[PDB]
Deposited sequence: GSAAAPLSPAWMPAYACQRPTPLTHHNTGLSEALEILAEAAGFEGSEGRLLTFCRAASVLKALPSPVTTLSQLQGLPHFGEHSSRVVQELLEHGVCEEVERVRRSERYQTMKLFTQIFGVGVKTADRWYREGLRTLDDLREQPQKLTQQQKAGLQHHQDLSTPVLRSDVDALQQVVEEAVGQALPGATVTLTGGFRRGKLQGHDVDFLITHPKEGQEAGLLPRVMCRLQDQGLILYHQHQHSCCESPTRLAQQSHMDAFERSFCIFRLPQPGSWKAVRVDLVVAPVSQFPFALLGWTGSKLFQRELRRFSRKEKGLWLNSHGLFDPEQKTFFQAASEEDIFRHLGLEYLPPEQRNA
């Protein structure tokens, strides 16, 4: 009925089990904060299964046979069905550890391992970090300086304005180069916390060296509040606002046209969808997938793809448009 991999089923952005999936994703996030990547994956996959269902789960019976639902995740759902609340989920939500790790890892430049060390050192608030600035990287300094703006949702109106600015710099850097919106906005999201663009050129090889030229041109237009210094740039952009501006996270990626379908697939997401697609590729088809290509390790050859549709066909999967990849 329900296939076991997220890449085998459509998952829309909005669905019929929002509250249940949100609770399982709390437990997934908490597992990640404790270094338990296996438990994180199971809770993420269980949440995703619910997102793919055609109607609301009303009774425990309806979980029988669903993949990734065992004793633990089924108990979470049963408590939510019976009481409207899962005691374990609420305990996590309320915990100082969860709240502080969430706060710290949401900083650009701070991962789980840094947040955990800071937690163990007794630090709890952003102002605690600002009081010891010499212990921060340039990237963390930027993430902390801009943290408030970076916590404010990006709207689709913002995205269209940013895309025009990036296109202008890309056109000067290399006439004929193209700019494609990726990430969650390509999956149909109306808001996000960052904007992603994928840049290529129709003539293989002409894109070499492009990203430095693009960044220099954005920087001299005064639009770059932060960048590293390549084929991936993780920036903070200055975005105009009524009578002011706000900081926005923007990722710029370059790929040659031979790699573009793979890069588009990977950068469009969702994260879980791509992990599941790569898992499926390797475990079920014996092929190795990343955002550069698809490798047959037995013949030692790369698959040529001209489209995302090609890639799904290579893997024997029915095609899913981006708006159904919201695993």
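- Judged by missing C-alpha atoms, the gaps in the deposited chain sequence fall at residues 1-10, 240-258, listed in sequence order.
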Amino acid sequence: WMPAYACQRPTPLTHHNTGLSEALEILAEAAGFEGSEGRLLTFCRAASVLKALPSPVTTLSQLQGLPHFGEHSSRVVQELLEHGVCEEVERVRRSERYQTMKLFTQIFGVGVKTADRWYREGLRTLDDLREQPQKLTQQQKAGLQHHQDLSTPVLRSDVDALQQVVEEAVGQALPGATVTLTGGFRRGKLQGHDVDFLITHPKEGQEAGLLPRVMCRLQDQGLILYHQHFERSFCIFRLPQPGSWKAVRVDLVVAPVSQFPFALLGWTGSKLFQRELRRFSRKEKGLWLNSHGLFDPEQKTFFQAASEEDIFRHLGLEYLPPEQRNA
From here on, numbers count along this sequence of modelled residues.
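For the two forms, the rigid core is made up of the largest set of C-alpha atoms that agree within 1.5 Å on superposition.
- In terms of root mean square C-alpha deviation after superposing on the rigid core in 8 other deposited structures of this protein, the stretch standing farther out between 61-69 and 38-46 is 61-69.
- Farther from the shown form on average, by C-alpha root mean square after a core fit in 8 other deposited structures of this protein, is 230-238, of the stretches 230-238 and 108-116.
- Of the two segments, 11-19 and 299-307, the one listed with the higher mean B-factor is 299-307 (C-alpha atoms only).
- As recorded in the PDB entry, 280-288 is the stretch of 280-288 and 256-264 with the greater mean C-alpha temperature factor.
- You'll see in the entry that, of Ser233, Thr137, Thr180, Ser151, the Cα B factor peaks at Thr137.
- In this entry, the residue among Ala161, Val77, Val248, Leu174 with the greatest C-alpha B factor is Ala161.
- Annotation for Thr42: C-alpha temperature factor in the lowest third relative to the rest of the modelled chain, per the entry.
- When the CA B factors of the chain's modelled residues are split into thirds, the value for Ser270 lands in the lowest one.
- Split the chain's modelled residues into thirds by C-alpha temperature factor. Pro202 is in the middle one.
- Per the PDB record, residue ranking by Cα B-factor puts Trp118 in the highest third of the chain.
- Looking at the C-alpha B-factors along this chain, the one for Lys189 belongs to the lowest third.
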